[PDB]
Each structure stands twice: as C-alpha cells, then as structure tokens.
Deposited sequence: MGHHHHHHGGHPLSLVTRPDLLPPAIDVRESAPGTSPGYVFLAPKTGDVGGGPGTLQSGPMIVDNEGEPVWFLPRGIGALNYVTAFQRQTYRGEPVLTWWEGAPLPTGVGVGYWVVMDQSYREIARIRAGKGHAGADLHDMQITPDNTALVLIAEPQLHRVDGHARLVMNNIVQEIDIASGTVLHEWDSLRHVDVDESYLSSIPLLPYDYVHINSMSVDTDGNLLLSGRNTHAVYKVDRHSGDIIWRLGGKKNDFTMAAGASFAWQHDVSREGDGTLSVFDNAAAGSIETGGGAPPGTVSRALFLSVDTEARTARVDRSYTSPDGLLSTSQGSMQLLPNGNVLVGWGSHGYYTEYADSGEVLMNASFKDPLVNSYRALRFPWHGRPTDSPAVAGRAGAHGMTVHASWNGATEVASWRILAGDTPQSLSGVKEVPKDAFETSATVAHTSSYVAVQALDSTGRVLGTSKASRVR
C-alpha cells in the first residue's frame, strides 16, 4: 500500500492493482473516494486515477472518524466541468450529515451545497447538479411518525431542489408524505430510527420527472417534478410492473435513465445478514414498458470475481458502449464491453479500502501551484524526482540543473511514467528544477529551484 513520495511526503494515496487492462478501455480517468470503511490510519479523500491505477490527483480531506469524504464524481455547473464530493459526519443508520463541495478545474472550491434551512445537513448517498444550475440534495432527518398506532422514530428522507447561487429551496419532497412505512423490507430495530426507504440515488428522467432509488423498499419511484406525486413504483411491495425471474432487484443503488432508453439499476441483491447462497451482485439494464406495465432485463453484467456487494456500488454507461461498474463494499471496479467481455479489472491493494462509486470521466486539470521537484546527489550524479498533483496534460519532464537558481540549464528530458517520475543524470549540480511539458513539447509549468541534497 502507499509508498512514500519524495516530492510530496504529505500525499499517501491508496495503491490499486489492475489485474487486467485489455485494449478498448474507454478514455478518461477513474474517479474514486477511497475510505477504510469509515479511522483506518490511512489517508482518504477524492482521488483521480488512470487506467493503470496510478494516481493523477489526490486531496486528503479526512478528519478522523468525525468527518470523511465520499461520493466523488464529475458534474457540470454553468456549462463548466466541476468536481463534487460529500463531507460530513456519519450516523448509526449508515446515513450522514454534511455538505457537498463544488470545485473547478483549477482545484479551488467555487461553491458549497448544503441542505435547506431547518435541517442539520445533507445525506451522503447522492447529489445531482441539474442543467438548470440547481441542486438535488438528500436530507435524512429522524421524525416521529405514527405506525400501527404506535409512535415510533423513523428515518425520513427529504429531497430538495436548491438553487446553487442563492441556496434557496425551490422544491421539497417528503418521503413519509408519499411512501408508507410498511412498504419497507428492513427489520425493525427497537432503538434505532427505522430507516424505512433509504433513498440513495436521484436522477432526472428524459421527461423532466425524478427517479428516486429506495434501497430498503427495493423500489424505484418516478416522482413528478412539481406536484411531487408518485407516477409509478418499480419493484417492492407495491410494484406497478410485471417482473421476470432475474428482473427483480433488492437493496439496489444508482438508478438512472440511459441514452438507449433502458433504466440502469445496480442490483446489490443482498445485505449483511440484517441472501440465498450463491447470489452475486449484478449490473442491470432494464427495458420498462409504461403502456403494458412490464419490465425485462435488457442485459446484465456480473463480477469476474463472483462478488456480492452488501452495500454501495455504482454503474455507468460509457460513450463507446462500455459499462463501468463499481462494486461498492468490495474494493473492486470492472469495465466491460457490450458483449460482457472484461476490459479492465482493478482492486485496491489494501482489502480494507473501498469506494462508494467508481466512475469514469474525461478531465483537464489546471493546477494553480507549480510542479514539485527534489534532487538527491550520489555516486552516479543526481536523482531528480518530479510531480504535479492534479496535472493531466504532462507528457514529459525537462530536468534543469545549475549552480545558482538564475543559471539553470536544461540537461535531459524524460517521459512521465508515474504520479512522481524519477530520473538520474550523470552530473552533480547545486540546484535542479523541472519543467512540465505536454505532448507537443510546450511548457506547462516550472518548479522552483531546489537545492540538491
């Protein structure tokens, strides 16, 4: 697991093993938020890696076990590509109270999305920036609710649509207001708040209505954007559609409408003893017929390692037709072709490290700092180390050497082959520096002059 970096001893990004990387893997980078279940004694935060698992960007923003990072992905705000992730405190039911960070391509925070007034914070499970520059945020707050005549404590879910610039709440959807408690499949703990629906995904369908994934009800709800009425229920105790054998899902995550028209559902299909022997989690693409009220499996993708993710997970349809799956509780992620052939299979070197999602996006990082450099003298001469956290366009490094910071001269150019590239030179100098070069040889940035040690 994380070996020391010479130029950045403050960064300890988790290591990843790519057991298979066949040709045809979609371009772009993989977005992860590694965590040690929670405080793991290892760094955690948003991470961007390449197809070899080598880190491209890593930002430690963990605060022990009182405040951690999850649900890292790329979104679009005001037509510009941005980074979003969640930070906050965990709760016993597995939900959290926190906020969402919005950061630009220069890696500075440009916005922070919080729950509306009157609520402690937003839940960690999902958040979606709409093309209307609004925020779909999930609030999970305990409320007293009369079930079977008994007053009980239940885990209510509120979905708010919030303008980013003003923070004003434009729409609000109360789950206890449309979904009954006895629709849940989860057994009742007498002291814990009854997490009856446990929404973990929010998506906007092609018609503008909302698609909400209820984990503990095994159901997907189509909600009118304005009136808040439930259009239909897919799965669960009040299912509107006819299901085949393997079309029914359970404890599912990450539901969205795809370009081909199918509905994507990550069927975890199990929980942690609170599943039939042999079941595996599967990535589901379903064709739903609203006229006949039926839904069948278009295609499904299973793990080559026979994994059964009891929680978390993600799926993504890539532009070339590939399917990228994040196995959630299991620290694996797999990219398939349409035919189901495995193109990329990767896992964290530490088995205790996992990520909520594993998504692929193109990214163009423009760091506002300078490259980091370090030089160590020796018998051969000098060994020069170079890194630039967040830089995506660096193709090679130019090594500068000189006796004074003002008399630096270029001695050697080497390709970038890792997050931190190391190269030796047959000379010994008093100062070294590096220049990051893109594929055409244009200079992207220059490090400070570093005294050789």
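No C-alpha positions are given for the deposited-sequence stretches 1 to 10, 49 to 52, 289 to 293.
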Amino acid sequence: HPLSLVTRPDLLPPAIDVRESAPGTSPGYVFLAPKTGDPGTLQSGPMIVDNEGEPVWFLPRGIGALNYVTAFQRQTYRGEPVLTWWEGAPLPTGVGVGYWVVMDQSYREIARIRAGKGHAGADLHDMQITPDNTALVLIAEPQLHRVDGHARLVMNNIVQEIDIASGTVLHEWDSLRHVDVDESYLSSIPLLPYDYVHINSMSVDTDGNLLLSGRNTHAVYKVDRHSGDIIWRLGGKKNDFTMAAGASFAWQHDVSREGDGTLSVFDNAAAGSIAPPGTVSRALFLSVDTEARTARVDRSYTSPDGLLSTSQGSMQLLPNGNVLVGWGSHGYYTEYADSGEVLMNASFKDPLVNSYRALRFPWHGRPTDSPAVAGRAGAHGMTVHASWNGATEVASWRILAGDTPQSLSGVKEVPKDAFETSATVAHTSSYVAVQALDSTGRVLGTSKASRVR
From here on, numbers count along this sequence of modelled residues.
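In this entry, 23 to 31 has the higher mean Cα B-factor, the comparison being between 23 to 31 and 52 to 60.
Looking at 256 to 264 and 98 to 106 together, the entry lists the larger mean B-factor for 256 to 264, computed on C-alpha atoms. Per the deposited coordinates, the residue with the largest Cα temperature factor out of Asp126, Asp369, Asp163, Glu335 is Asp163.
The top Cα temperature factor in the record, among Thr70, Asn67, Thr424, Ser387, falls on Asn67.
Per the PDB record, residue ranking by Cα B-factor puts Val6 in the lowest third of the chain. In the PDB entry, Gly167 places in the middle third of its chain by CA B-factor.
The PDB entry assigns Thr76 a C-alpha temperature factor belonging to the lowest third of its chain's modelled residues. Among the modelled residues of the chain, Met315 sits in the lowest third by CA temperature factor in this PDB entry.
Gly375 sits in the lowest third of its chain by CA B factor, as recorded in the PDB entry.
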